[PDB]
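2 protein chains.
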Amino acid sequence: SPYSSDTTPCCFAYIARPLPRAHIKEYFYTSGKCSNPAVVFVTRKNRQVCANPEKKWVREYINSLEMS
Amino acid sequence: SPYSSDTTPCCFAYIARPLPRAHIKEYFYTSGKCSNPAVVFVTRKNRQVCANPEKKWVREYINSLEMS
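Protein chains in written order, with the authors' numbering: chain B, 1 to 68; chain A, 1 to 68.
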């Protein structure tokens, strides 16, 4: 899927609270080019919830999460 | 849908060519907060195809398009 002139799945603001990996289901790091890099924890509802790339606990949940 | 810490449907680069309103089906202006405002013509395939907000012909297709 060559990205040229289309949409770009990214995040805007990061959640102000370490989403418990238990309530989260996964995480999707932004495409990597939208002035807002991060990791979108796709929780139970799986709403693409952002969580900030450098929020420390964020990476603690990324690795703790298993690529399903 | 209160947008706080989640994804943000936006566009990255604008298509370098006035998408013929005939091949387009609609257009979705970015959420309005991602350093990349524009109008993403959702054409036949409806891939969210950006087209730049100030590309002139872009607005000529936005109004020419009927909100279906």
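Even for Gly, the Cβ is constructed at its ideal location relative to N, Cα and C.
- Query: Is residue 61(A) helix, strand or coil by DSSP?
  - Reply: Residue 61(A): helix per DSSP, three-state reduction.
- Query: Do three or more CB pairs link the region 6-22 of chain A to the region 51-68 of chain B at distances below 8 Å?
  - Reply: No: fewer than three Cβ pairs fall under 8 Å.
- Confirm, please, whether the CB-CB distance from residue 50(B) to residue 58(B) is below 7 Å. In this structure, residue 58(B) lies away from residue 50(B), with their beta-carbon atoms at least 7 Å apart.
- Query: To which residues of the same chain is residue 14(A) closer than 7 Å at the C-beta, ignoring the five residues directly before and after it?
  - Reply: These residues qualify, in order along the chain: 38, 50, 51, 52, 55.
- Compile a chain-ordered list of the residues in the region 2-24 of chain A whose CB is closer than 8 Å to at least one CB of chain B. Within the region 2-24 of chain A, the residues whose Cβ lies closer than 8 Å to some Cβ of chain B are 3, 4, 5, 6, 7, 8, 9, 10, 11, 12, 13, 14, 15, 16, listed in chain order.
- Query: Taking Cβ positions only, does residue 40(A) come closer than 7 Å to chain C?
  - Reply: Absent from the structure: chain C. Protein chains present are B and A.
- Query: Where does residue 15(A) fall in DSSP's three states?
  - Reply: Coil, per DSSP.
- Message: When you compare the CB of residue 35(B) with every CB in chain A, is at least one pair closer than 7 Å?
- Response: So yes, residue 35(B) belongs to the interface.
- Can you tell me which of the three DSSP states residue 3(A) falls into? In the structure shown, residue 3(A) sits in coil (DSSP, three-state: anything other than H, G, I, E or B).
- Message: For residue 60(A) and residue 19(B), I'd like the C-alpha separation in whole angstroms.
- Response: So the alpha carbons of these two residues sit roughly 44 Å apart.
- Item | For residue 9(A), the three-state DSSP class (helix, strand or coil) | Residue state, collapsed to three classes: strand.
- Whose C-alpha, out of 31(B), 12(B), 62(B), 36(B), is nearest the C-alpha of residue 2(B)? Comparing Cα positions, the closest option is 31(B).
- If you run the structure through DSSP and keep just helix, strand and coil, what is residue 34(A)? Coil at residue 34(A), not helix or strand.
- Message: Distance check for residue 21(A) and residue 36(B), CA to CA, integer angstroms please.
- Response: Rounded to whole angstroms, residue 36(B) to residue 21(A) spans 32 Å at the Cα level.
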